[PDB]
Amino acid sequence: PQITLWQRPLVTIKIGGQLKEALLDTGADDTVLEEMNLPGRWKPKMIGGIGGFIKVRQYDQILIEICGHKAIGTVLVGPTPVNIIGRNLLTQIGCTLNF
């Protein structure tokens, strides 16, 4: 699909069998979701947002469906204001910017 930017580019994602709303974010290198339960082990990561840095939990090889497109990749979990789909997964679903 083609998504315009007059409103926030919010889409439905599915992860762990549950639907969530998330922001398609070309400014985000990585994908970060609000506190939730994911399987396996995690590693520490620091990410820098508009306001400064925060600690998040990095989970690898996680199954996540984004607007119907299946991806498997790295998902970070931490105190984000909104669920964010970053470039690591936008590339998996074939997303580009066009004008």
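Counting begins at 1, following the sequence as shown. C-alpha atoms forming the largest set that superposes within 1.5 Å between two forms make up the rigid core.
- Comparing 47-55 with 27-35 by root mean square Cα distance to the shown form in 6 other deposited structures of this protein, with the rigid core used for the fit, gives 47-55 as the more displaced stretch.
- Per-stretch averaging of Cα B factors for 44-52 and 26-34 places 44-52 on top.
- In the deposited entry, the Cα temperature factor of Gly78 sits in the middle third of values across the chain's modelled residues.
- The entry lists a Cα temperature factor for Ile62 that places it in the middle third of the chain's modelled residues.
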